[PDB]
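Below you will find one chain, with nothing else, as structure tokens; this is the form deposited in one PDB entry, and questions on how it binds or moves follow later.
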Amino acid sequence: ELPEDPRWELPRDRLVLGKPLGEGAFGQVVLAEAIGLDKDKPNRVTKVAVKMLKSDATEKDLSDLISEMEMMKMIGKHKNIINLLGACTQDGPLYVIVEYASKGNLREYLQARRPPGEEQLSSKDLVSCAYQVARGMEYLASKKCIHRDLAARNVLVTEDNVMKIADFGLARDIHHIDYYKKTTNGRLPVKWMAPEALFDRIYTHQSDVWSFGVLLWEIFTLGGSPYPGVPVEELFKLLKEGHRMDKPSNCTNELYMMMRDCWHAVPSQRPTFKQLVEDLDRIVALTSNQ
């Protein structure tokens, strides 16, 4: 059984479970409606996302879920991250309630708004999106949190087009990861990892800045796939040689200098998220919406 925490505990009959949002091998997430989430307003419903364990689940699976929830509690609230909203831990299965992003992940979001060959994105929108992710990371970095898998897939979009970093409190042991394991879409995660993290198993804020650069590339290609057709072994050889991706079309020289700056071979020489936030702020201001 779990110890109760009156800070986040919500009654089970106050949560109306709905349709599934997706599964995996660890757990599953479902859409739901929560009544009286806020103490002040107990007669209004709020759409939320609920994470739970699956059927044949180990004690390790359960321990990881608890860890994720605990990390979120300590980290605190921020507009550009998926925030914790409550939990059902007593007399039943564990339910972790978080904010709901109705427009899916950033990759999907971008791909659906590409030009034809329903909604479109201006240059300012793209830069604004980048600015939001940098702010989220800046906050997370301030609370000593290292993401380890920052990518477009792990960034969700709300109904009012707000970017929110997801899966940041995840518990994933180093040296147990499969480099050859692919994603649901068919991409390899090793393609977002800084060289030092990929070869020497060293994760830091600076390694997350490297992944942010690949994320910038994903934004300006509207959801492109990095290193398409490149297997793991050839990826290693490209990184050892200093290879860097080419500048996407309809990207300014200034934004492609930023990407390169994030991909600096020496980790101390890349910009911090505090700096990235400042630069993107000035760029958003000067970028056309026409």
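Just so we're on the same page, rigid core means the largest C-alpha set that superposes within 1.5 Å between forms. Counting begins at 1, following the sequence as shown.
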- Message: Could you find out if residue 16 - modelled in this structure - is missing from at least a third of the other PDB entries compared that contain residues on either side?
- Response: no
- Task: Please confirm whether residue 266, modelled here, goes without coordinates in at least one third of the other compared entries that cover both its neighbours.
- Result: no
- Message: I want to verify a possible break: how many residues of the deposited sequence sit between residue 186 and residue 187 without any coordinates (none, 1 to 3, 4 to 9, 10 or more)?
- Response: none
- Item | Residue stretch of maximal mean CA temperature factor, 118-126 vs 157-165 | 118-126
- Query: Looking at the deposited entry, does 239-247 or 26-34 carry the larger mean Cα B-factor?
  - Reply: 26-34
- Candidate set 195, 213, 136, 93 [ranked by C-alpha B-factor, highest]: 93
- Item | Residue, from 234, 254, 261, 40, that the PDB entry assigns the highest Cα B-factor | 40
- Task: Consider only the C-alpha atoms of the modelled residues in this chain, order them by B-factor as the entry records it, and name the third containing residue 87: lowest, middle or highest.
- Result: middle
- Query: By its CA B factor, does residue 108 count among the lowest, middle or highest third of the modelled residues in the chain?
  - Reply: middle
- Report the third (lowest, middle or highest) to which the CA temperature factor of residue 270 belongs, ranking only the modelled residues of the same chain. lowest
- Note on the structure: Here the Cα B-factor of residue 145, set against its chain, lands in the third termed middle
- Message: Splitting the chain's C-alpha B-factors into thirds, which one does residue 10 fall into?
- Response: middle
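The same protein also exists as the form deposited in another entry; that form is not shown, yet it is the one meant from here on.
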- Looking at 124, 205, 103, 187 between this form and the one not shown with the core superposed, the single C-alpha displaced by 2 Å or more is at 187
- Query: Core aligned, does the CA of residue 174 move at least 2 Å between this form and the one not shown?
  - Reply: yes
